[PDB]
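Student: Quick one: this structure, given as structure tokens, is what I'll be asking you about.
6 protein chains.
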Amino acid sequence: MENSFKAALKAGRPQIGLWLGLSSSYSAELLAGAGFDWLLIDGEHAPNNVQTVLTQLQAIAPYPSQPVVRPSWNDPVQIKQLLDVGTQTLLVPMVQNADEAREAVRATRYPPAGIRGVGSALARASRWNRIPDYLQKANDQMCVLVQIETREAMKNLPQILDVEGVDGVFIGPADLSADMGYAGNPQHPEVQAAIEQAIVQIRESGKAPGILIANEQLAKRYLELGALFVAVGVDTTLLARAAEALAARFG
Amino acid sequence: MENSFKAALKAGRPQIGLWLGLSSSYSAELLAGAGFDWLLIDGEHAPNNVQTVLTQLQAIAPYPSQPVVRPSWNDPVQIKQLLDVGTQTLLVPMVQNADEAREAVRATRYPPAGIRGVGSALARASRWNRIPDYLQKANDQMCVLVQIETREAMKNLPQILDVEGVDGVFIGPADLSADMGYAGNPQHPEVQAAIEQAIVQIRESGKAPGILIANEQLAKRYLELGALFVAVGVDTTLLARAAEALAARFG
Amino acid sequence: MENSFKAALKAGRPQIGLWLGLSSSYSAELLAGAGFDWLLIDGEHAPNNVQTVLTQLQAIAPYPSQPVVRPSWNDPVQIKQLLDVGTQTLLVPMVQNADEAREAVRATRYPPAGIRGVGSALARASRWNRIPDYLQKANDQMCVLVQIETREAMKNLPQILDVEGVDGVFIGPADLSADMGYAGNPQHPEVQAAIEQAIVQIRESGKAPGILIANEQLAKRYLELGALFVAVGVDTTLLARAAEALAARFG
Amino acid sequence: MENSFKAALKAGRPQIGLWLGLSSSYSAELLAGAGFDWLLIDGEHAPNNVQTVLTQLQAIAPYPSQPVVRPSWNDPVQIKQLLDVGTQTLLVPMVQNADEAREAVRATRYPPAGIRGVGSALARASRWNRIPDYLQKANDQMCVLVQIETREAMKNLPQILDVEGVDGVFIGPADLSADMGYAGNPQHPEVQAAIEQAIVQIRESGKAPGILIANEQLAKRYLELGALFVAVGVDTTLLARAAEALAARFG
Amino acid sequence: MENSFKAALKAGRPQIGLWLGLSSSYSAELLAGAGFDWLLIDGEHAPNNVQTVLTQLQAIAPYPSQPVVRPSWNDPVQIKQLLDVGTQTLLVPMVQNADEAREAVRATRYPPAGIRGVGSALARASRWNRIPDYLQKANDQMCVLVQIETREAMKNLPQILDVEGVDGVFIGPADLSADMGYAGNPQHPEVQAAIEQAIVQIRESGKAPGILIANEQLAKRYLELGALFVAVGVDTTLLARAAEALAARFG
Amino acid sequence: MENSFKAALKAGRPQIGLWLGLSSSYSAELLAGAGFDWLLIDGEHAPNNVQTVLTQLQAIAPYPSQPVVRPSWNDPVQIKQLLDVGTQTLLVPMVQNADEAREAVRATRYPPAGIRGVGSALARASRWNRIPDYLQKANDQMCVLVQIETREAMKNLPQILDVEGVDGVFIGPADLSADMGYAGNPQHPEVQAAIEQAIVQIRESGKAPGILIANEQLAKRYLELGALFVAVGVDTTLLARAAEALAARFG
Ligand SMILES: [Co+2]
Ligand SMILES: [Co+2]
Ligand SMILES: [Co+2]
Ligand SMILES: [Co+2]
Ligand SMILES: [Co+2]
Ligand SMILES: [Co+2]
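Taken in order, these protein sequences are the chains called A, B, C, D, E and F.
Each residue of the first sequence is one higher than the last, beginning at 1 in my numbering.
Each residue of the second sequence is one higher than the last, beginning at 1 in my numbering.
Each residue of the third sequence is one higher than the last, beginning at 1 in my numbering.
Each residue of the fourth sequence is one higher than the last, beginning at 1 in my numbering.
Each residue of the fifth sequence is one higher than the last, beginning at 1 in my numbering.
Each residue of the sixth sequence is one higher than the last, beginning at 1 in my numbering.
Pasting the structure below:
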């Protein structure tokens, strides 16, 4: 139950990711064999729930690609449920300040370090109590990644970076650019400046910066600035754009 | 992506609806061909979730009947998820005051007009970014309908009617009659008086009144008073009552 | 595990049925409480399979209405699977002659009386071996109903009626009328004469006649003539027609 | 719609239960025939939602074993949805004080006794309005069981026990032991003392004590102290441990 | 219910297709908007059944792309079920001779032209009897495409082409090359010669030639030679290859 | 894609199995971690289909336990579909003679060795063409196990054993005992003698004998006699019996 994604971030090894919004355990398996370091199962902007996350985790399990799950909100109940089906790395949207970052961390840890509810007999996470000393080992293998995606969050970044347990800070360019008045097109200089400055500042604190960006030149630029978990495409986009291009070539 | 239901309300064209509680994409398609102007996919009182709403929207799509979705609560996260799978007209239950009405409206609009989270690459709503300028066009095609269904809500109706974005106000007779002490039988004069007075007052403000009522004589009465979205039956009731009547005719 | 539908046929008590083509465990429960003697889960003309049959059987189980299942064909393998999930009354389509009727019967019976495969530990049918002596008790509680639906089958009816274990013979007016050259018009005199004559011949042979007909006056005629399992409507039709009529009353 | 589990608790008849975390309507039916007085469908620590609770309720319905449902949190919206699909006995986790206990009770009662939303036409709970006077009969057949599972909750137990509507108080040893510093192993004397003292105090108030414990000797000890709803095993554990033992016997 | 794909073939307008093996109603909708003339829902080599075909048909329905369905075999019972859920264009695998081609045709036609079972009240195909005179109109809108995939089938092609109701003949290069002794290598000259010769012979007979080929230059060659329904890619391949290429660009 | 189960049989290493009839990807994972050498996904006597087989294969994949799949019949089309979703070891029921054994083998092999249909781009089996030279490597990793379950099959055993590609012969005691006139009583001496003699004859022929038996002492006897794939229990039974025993210990 060692979290290899978390260890890679701590070691400063960049992790290249693909976003999964197709909400299918079948396409998840297909994509798990494609060579990515990590895969993001999106519970916020794709039609997923705890049950479909579970089946996508099962599909991905035998592959080297490591699963990361985004809940629909920073909700301790939903987080509890996602952890019990076996989620170990969480990307929490709309984290606005250090209190919310601490709340996210706490939701993933058993008492006394947090408020995670105990149900190990029932949980895939413990392999239904086959993992010895699961309750004592689980906290240290949780990896908490918080999203900053408003001006307010950017303003609070220094305090967020002081939060123990926050392993990574992810910048969401679509939401950020919308909040900045450039809906939701992040290519503007003002947005790019905020993004790049945040990446530097995050890495400086010893935490992992992350981002999703479909422009490959920008992705390489962010990696050069020290980003450590960079998602470089989205399954729905890859499929749609490839299919459209193919159809157009035949008139 | 023009919202034809919203345009019809704004033009003062009454829209006759059927409530869908069978929670099936198959019966939804069957009913989408029955001649109604709108269909209510009930996420509050039928066993639906974001995923079953999605499949019912797909089933209904090629028909003239327009889908409306009721979330289980005025919850901005659930609303975000329903909008991304393509919901454009929302019926929000238990809206008690103008602050809650504003919250409902805000949940459906991208910044700066609201707090809707941005995820268009992943969303059926944008057809996975095939709709050009989706982010700039979406806000104006959202139709927000708020339910008033307690004495408190009735008391706050004048302020609710002053809320920009609130396109329609729906009176829920079952909940209202229960709150008034007539569980949950709305046929009482006191309940009927509150309902009819609200319909007049709503229409007077330039907003659309709505209601669900299975009594067809009452439905016509509400239409005559100026109601513009009137659901006149419920799928589960139509099926159950027709089947029971049939069985009884054969002993 | 007594088959009460079968006992009722044997005692000459007419059983009034409803056809289920909505393929949903949810609407199946709703309809199971409507007062019918039997409900037909249609695996031939509705999108059902062994798994959805199972869930509909579970939904119907606590109600007095008895389930009957129609497989897609007289296929011993499919019949084996349906029986193991708990089907005890089968309506077999397109039975053309006595050999095929015999094969339908043999598919439902364990050796030496038939060729039913043994898997009792796994089967809902035996309640996972909780029913004592299931293997010795099962054969006698199977009820086999065969459909005669062509001119060839009508010719062979006397031989079909002589087959031991054929408990009932069902006339399919839609298929029969199509085979006779009157598609969509079983109301034609030559078709009605064939149907009436078959019903009388079936009953005079000491077996149960059955039919589906949505015209309530014809249903009553068939009951008078001695039909013992008569389906008097179809869920999809009841729902579609009630909905369409409702919408039409409002324009 | 009489709640027989609730009546048994009120009569002081101990009820022996099994926990269901397999989240399957198929295994639920299999286990419903095993002889337990009650079955716990776990929406907090197993991958269930309103829809899978519904199908497990349908599967269990014809058996003598009575269903109890645990929502993922004390959330009035989720409770509303669970009640409409037919839940009558609720086990509410993490109830910390008397205000939260009152909130749980209120969520299950129609006005004026509570805030339960009215949707009986659509609800399996009313059998789609077949149950006469459902709205007037429902409140009295709801059975509310609250979980105490922290030191804080134990401290507030006397006030919780004064709450009308609270029919039972369940002690959760896994969460309690974790909160007490013995994650999450409850066998410690300190934990056992808190548990046994609570059982006595609960029963003394005229309310039903409950607990889940897989150690059968402890279960008998709790029953001897006056516990009235005792779950004595968990489906996932029974299956896993039996399978592991079997494999080990063959090397 | 006009079959526009069939009318296009008859008019000699080439139709460009994409193969759907992702077996998801969600990705089917995404791809239905990509601009293809037709989409092949594969029931032979992807994990589909009648029920998933149904949901994909519903997803595709509002788009201009026309659905074609491949059953797992030339099986009249399976074909009956696919037609009733609304399939009008069928691609039948492993058609070896004229007798088998005739049987494929007869499976799609109501008596006296064929053996299609009648169940219109239940069928999406008739929109549950909403389409007037469905039974008299259906036969003419069925489009039957037969696959020639072996040396034996190539031999029998002239007789297959003489079968009335065979609208198109599709060459399966993967199966054909395997049968010829070049598995996985349809690029071999002897295979290409067989394919080209078949396409010309099919077209000269006044029928539509079809093929699937992922090599875009070969596709263009086949179109030049007169192929009228040409699938130019496969969803699983498009997705897998785009993802793998992306991951490789970042290491 | 090496078949380790097949290699183990060939090397004479006995493989201990558990039967899976719960038809759930969730319980399949739970059981995949219990330490068995193989797990039988039963498509004959449990409510499975190609799609649920797929999800169980995905669940089992990261564990050391090897999956074996039983189709509902010796049906080449069904076998094609099971192989494409990734099945490499097949247990074929009711194989009565050498011709049928040959047909089972041929269904699993690409031409010229067999009649397996080619669809590698679409198949999980080839990991969507990621496995290089899949088409040339697949045949050799198929493992075909045939069931002898009647007196006729026992007669033909010597000829069945002479069929190339038959890797193992499994004796089905429930079906065999029923065919011999001892339904539900394979413990009878004449049945045990037939079983023992078959096991010895199979092994002496250089092939693997198999059987399912829930009596652990008989299992050990069969292993001593040289059986190489022995299933020693069934998930539904393990669960039902453990639950019933538990409930009985409390009254
Ligand atoms: Co964002
Ligand atoms: Co209401
Ligand atoms: Co028929
Ligand atoms: Co707890
Ligand atoms: Co082919
Ligand atoms: Co057998």
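Beta carbons are placed, not taken as given, at the ideal position from N, Cα and C, and that holds for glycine.
If you follow the alpha helix (DSSP H) that E/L90 is part of, which residue opens it and which one closes it?
Tutor: From DSSP, E/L90 is part of no alpha helix (DSSP H) but of the beta strand (DSSP E) over 89-92.
Student: Going by DSSP, what residue range makes up the beta strand (DSSP E) through B/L212?
Tutor: Looking at the DSSP string, the run of the beta strand (DSSP E) that includes B/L212 is 208-212.
Student: Starting from the C-beta of A/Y134, find all residues in its chain whose C-beta is less than 6 Å away, skip the five residues before and the five after it, and write them out in chain order.
Tutor: Hits under 6 Å: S120, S126.
Student: Can you give me the C-alpha to C-alpha distance between B/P62 and E/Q192, rounded to a whole angstrom?
Tutor: Their backbone Cα atoms lie some 42 Å apart in a straight line.
Student: Roughly how many angstroms separate the alpha carbons of B/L39 and B/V232, rounded to a whole number?
Tutor: Approximately 11 Å between the Cα atoms of the pair.
Student: Nearer than 8 Å: is that true of the beta carbon of A/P93 relative to any heavy atom of ligand 1?
Tutor: Yes, the Cβ of A/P93 comes within 8 Å of a heavy atom of ligand 1.
Student: Could you check if C/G35 is buried or exposed, using at least 16 other CB atoms within 10 Å of its CB as the buried criterion?
Tutor: Flag for C/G35 reads buried.
Student: Between E/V169 and E/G210, is the Cβ-Cβ spacing less than 9 Å?
Tutor: Yes, they are a contact pair.
Student: Just to make sure I have the definition right: I need the residues of chain E whose C-beta is within less than 8 Å of the C-beta of C/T236. Which are they?
Tutor: Correct list: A121, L122, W128.
Student: When the Cα atoms are used, what is the spatial distance from D/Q88 to D/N3?
Tutor: Straight-line Cα distance between these residues: approximately 7 Å.
Student: C/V68 lies in the alpha helix (DSSP H); which residues open and close that run?
Tutor: Segment 66-70 is the beta strand (DSSP E) holding C/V68; no alpha helix (DSSP H) there.
Student: Does any CB atom of chain D fall closer than 9 Å to the CB of C/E29?
Tutor: So, interface residue.
Student: Is A/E149 close to ligand 1? I mean its beta-carbon at under 8 Å from any heavy atom of the ligand.
Tutor: Under cutoff, so the answer is yes.
Student: Output, in chain order, the set of chain B residues within a Cβ distance shorter than 9 Å of D/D99.
Tutor: Going along chain B, no residue has its Cβ under 9 Å from D/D99, so there is no contact; the nearest lies around 20 Å.
Student: Should F/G12 go down as buried or exposed, given a rule of 16 or more other Cβ atoms within 10 Å for buried?
Tutor: Per the 10 Å Cβ criterion, exposed.
Student: Can you list, in chain order, the residues of its chain with a C-beta nearer than 7 Å to that of E/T52? Leave out the 5 residues immediately preceding and following it.
Tutor: Here the set comprises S23.
Student: Tell me whether D/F5 sits in a helix, a strand or coil according to DSSP, three-state version.
Tutor: Looking at D/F5 - three-state DSSP - the assignment turns out to be helix.
Student: Looking at C/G172 and ligand 3, is the gap between the Cβ and the nearest heavy atom below 8 Å?
Tutor: Yes - ligand 3 has a heavy atom lying nearer than 8 Å to the Cβ of C/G172.
Student: Under a CB-based cut-off of 9 Å, is C/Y182 close to chain D?
Tutor: Not an interface residue.
Student: Under 8 Å, with one C-beta from each stretch per pair, do the stretch 147-157 of chain E and the stretch 196-206 of chain C reach the 3-pair mark?
Tutor: No, the stretch 147-157 of chain E is not in contact with the stretch 196-206 of chain C.
Student: Taking F/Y26 as the query, report the chain D residues whose CB atoms sit under 8 Å from its CB, ordered along the chain.
Tutor: Within 8 Å Cβ-Cβ: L22, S23, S24, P47.
Student: Measuring from the CB of B/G168, is there a heavy atom of ligand 2 at a distance below 8 Å?
Tutor: No, the beta carbon of B/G168 sits no closer than 8 Å to any heavy atom of ligand 2.
Student: Within 10 angstroms of its Cβ, does F/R124 collect 16 or more other Cβ (buried), or is it exposed?
Tutor: Counting Cβ neighbours within 10 Å, F/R124 comes out buried, since at least 16 surround it.
Student: Based on the DSSP secondary-structure assignment, which residues constitute the bridge partners of F/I79?
Tutor: None, per the DSSP bridge assignment.
Student: Pull up the CB-CB distance for B/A242 and C/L31, whole angstroms please, since I reckon it's below 8 Å.
Tutor: With a Cβ gap of about 10 Å, B/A242 and C/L31 do not count as contacting.
Student: Can C/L122 and C/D84 be called in contact, C-beta distance under 9 Å?
Tutor: Result yes, Cβ atoms of C/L122 and C/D84 sit closer than 9 Å.
Student: Taking only beta carbons into account, state which residues of the stretch 54-72 of chain B come closer than 7 Å to chain E, listed in chain order.
Tutor: Of all residues in the stretch 54-72 of chain B, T55, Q58, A59, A61, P62 have a Cβ within less than 7 Å of some Cβ in chain E.
Student: Using the DSSP secondary-structure output, state which residues sit across from B/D42 in a beta bridge.
Tutor: BP columns for B/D42 point to B/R70.
Student: Report the rounded CA-to-CA distance for E/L90 versus F/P67, giving the unit in angstroms.
Tutor: One C-alpha to the other measures close to 34 Å.
Student: Give me the chain F residues within the contact set of C/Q141, using Cβ-Cβ distance strictly less than 9 Å, ordered along the chain.
Tutor: The premise fails here: C/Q141 is roughly 16 Å from chain F at the closest Cβ pair, so nothing lies under 9 Å.
Student: Starting from C/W128, follow its DSSP beta bridges and name the residues at the other end.
Tutor: Answer by DSSP bridge pairing: none, since C/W128 is not bridged.
Student: Give the C-beta separation of E/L54 and C/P71 to the nearest angstrom, bearing in mind that I take them to be a contact with Cβ-Cβ under 8 Å.
Tutor: Contact flag wrong, Cβ pair sits at about 19 Å.
Student: Please go through the stretch 160-246 of chain E and give each complete beta strand (DSSP E) segment of 3 or more residues, from N-terminal end onward.
Tutor: DSSP runs (the beta strand (DSSP E)) wholly in the stretch 160-246 of chain E: 166-171, 208-212, 229-234.
Student: Would you mind telling me which residues of chain B sit closer than 7 Å to E/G33, beta carbon to beta carbon, in chain order?
Tutor: Near E/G33 (Cβ distances below 7 Å), the residues of chain B are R127, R130.
Student: Any contact of the stretch 99-112 of chain F with the stretch 170-179 of chain F, i.e. 3+ C-beta pairs under 8 Å?
Tutor: Contact between the stretch 99-112 of chain F and the stretch 170-179 of chain F is absent, because fewer than three Cβ pairs lie under 8 Å.
Student: Am I right that E/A219 and E/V230 are in contact with their C-beta atoms under 8 Å? What's the rounded C-beta distance?
Tutor: The Cβ separation is near 6 Å, so the contact holds.
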